[PDB]
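Taken in order, the sequence shown gives residues 163 to 336, 341 to 458; the numbers are from PDB author numbering. Using N, Cα and C, we set each Cβ at its ideal position, and we do this for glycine too.
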Amino acid sequence: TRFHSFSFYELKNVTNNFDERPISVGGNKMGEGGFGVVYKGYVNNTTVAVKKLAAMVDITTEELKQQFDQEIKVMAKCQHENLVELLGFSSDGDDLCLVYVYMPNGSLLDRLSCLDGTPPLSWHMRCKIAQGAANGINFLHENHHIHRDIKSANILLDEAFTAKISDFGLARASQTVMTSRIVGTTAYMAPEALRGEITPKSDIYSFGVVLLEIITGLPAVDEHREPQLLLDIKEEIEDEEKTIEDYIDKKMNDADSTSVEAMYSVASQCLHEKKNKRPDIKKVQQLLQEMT
Ligand SMILES: Cn1c(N2CCOCC2)nc2cc(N3CCC(CO)CC3)c(NC(=O)c3cnn4cccnc34)cc21
Ligand SMILES: [Ca+2]
């Protein structure tokens, strides 16, 4: 649709030359992913987020350019309150930038870790974010898209903490197909996604890991933790050596045992090791509505 084509130099100006100091300290850097660093800027009185694309994981310059074109294509087709909105881009010279509507509360990953001293999210807000994120995935699946990169760093939060799915560079139009290029964040990936399969069933699995991060406040992976992988707590609970109560985030005072167990039951189902036994996104969405 109408995306503004900026010149790279204009984005160089709005981000104070992609100032690498964190925004918490007066710089412009907000964070980063496998495909680039994201910065704050102001364009014509509008606060914006600017991604300066870079192959920060093991992908080629040509693959990074295809991911750029793909994100624009997905954004032109998909608009929904639980999806990030693209405003523009720059593709002049050898640089690639994406310009988005700014998300005042950053990522769900950072809000769960209370990065930069932000207050812990209440259980009530955590439930609305889970619902919002499921509505976003539902919209994408309804519209024949597989996200392929679902994780709490890719769930953003606006001024009212409305969940906004981000990063559509790996998204694929959707019969299970295979790929030779296995790309993603291991800690969130379904076993079949780790084998190169492409299916919306893998989006559900990754959403299952997100639901565990919401309940526990723990990251999906921590090398200095036992177990290193959060998804492993499902087996510990099933083997009855632990309960979800032993893992619930202690940085909340409004979590009731009934809705916590209802969210865990949704997470446990999304995390079924066999893709065909997982619920589809419409079922995930109904269960999270019944929970509240
Ligand atoms: C304001 N703010 C803050 N605060 C500092 C702490 O106190 C609350 C406000 N941290 C933010 C982090 C991000 N991201 C950086 C990249 C990351 C990995 O991709 C995810 C989080 C954003 N980001 C956006 O506004 C954004 C908007 N569309 N978009 C698309 C892809 C990535 N980011 C965006 C804002 C932040
Ligand atoms: Ca003015």
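Contact under 8 Å by Cβ, residue i with residue j
i    : j    : result
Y371 : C276 : no
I308 : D369 : yes
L454 : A216 : no
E379 : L274 : yes
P357 : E439 : yes
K235 : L258 : no
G189 : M218 : no
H242 : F165 : no
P282 : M429 : no
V210 : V176 : yes
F373 : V450 : yes
Cβ neighbour criterion (16 or more within 10 Å) applied to residue i
i    : result
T382 : buried
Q229 : buried
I348 : exposed
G198 : buried
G255 : exposed
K400 : buried
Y204 : exposed
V187 : exposed
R288 : buried
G298 : buried
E233 : buried
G279 : exposed
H390 : exposed
Whole-Å CB distance - residue i paired with residue j, under 8 Å assumed
i    : j    : result
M265 : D320 : 5 Å
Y354 : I312 : 7 Å
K448 : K367 : No, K448 and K367 are not in contact; Cβ-Cβ is about 13 Å, not under 8 Å.
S346 : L270 : Actually they are not in contact, since the Cβ atoms of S346 and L270 sit about 31 Å apart, beyond 8 Å.
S284 : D420 : 5 Å
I327 : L245 : 5 Å
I291 : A325 : 5 Å
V375 : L397 : 6 Å
6 Å CB neighbourhood of residue i in its chain, flanking five on each side removed
i    : result
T365 : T342
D329 : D311, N316
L260 : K213, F251
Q293 : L454
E182 : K191
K202 : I185, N190, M192
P445 : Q435
Residues near residue i in its chain [Cβ-Cβ closer than 7 Å; skip 5 each side]
i    : result
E427 : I410
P184 : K191
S434 : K400
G362 : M344, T345, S346, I348
Cβ neighbours of residue i in the same chain (closer than 8 Å, five flanking residues each side left out)
i    : result
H306 : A335, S336
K174 : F180
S167 : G250, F251, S252, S253
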